[PDB]
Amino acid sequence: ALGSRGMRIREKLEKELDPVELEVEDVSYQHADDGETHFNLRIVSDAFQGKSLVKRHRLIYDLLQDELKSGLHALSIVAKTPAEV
């Protein structure tokens, strides 16, 4: 399935957000093993309660910043609470 970066991204989000639903989709092929440069993320987590869309976005970027500083180019983020699905 996922390459090494994809697996790290999934594990980091699982560890920090304990999401009820999590999808990590490598879409590097759309922009270019293709490099693991682009992922779509769909995360359903309690941790987003009370946070604006942009705050949720920035939270995820912060958690994954080490990837962004070493080959990860873009993340497309859908971040919802269980109450929102």
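Residue numbers here begin at 1 and follow the sequence given.
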Looking at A32 and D33, the deposited sequence has unmodelled residues in between totalling 10 or more
Averaging the C-alpha temperature factors as deposited, the higher value of 35-43 versus 53-61 falls on 35-43
Entry-reported C-alpha B-factor of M7 relative to its chain, by third, is middle
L17: CA temperature factor from the record, placed by chain third, in the lowest
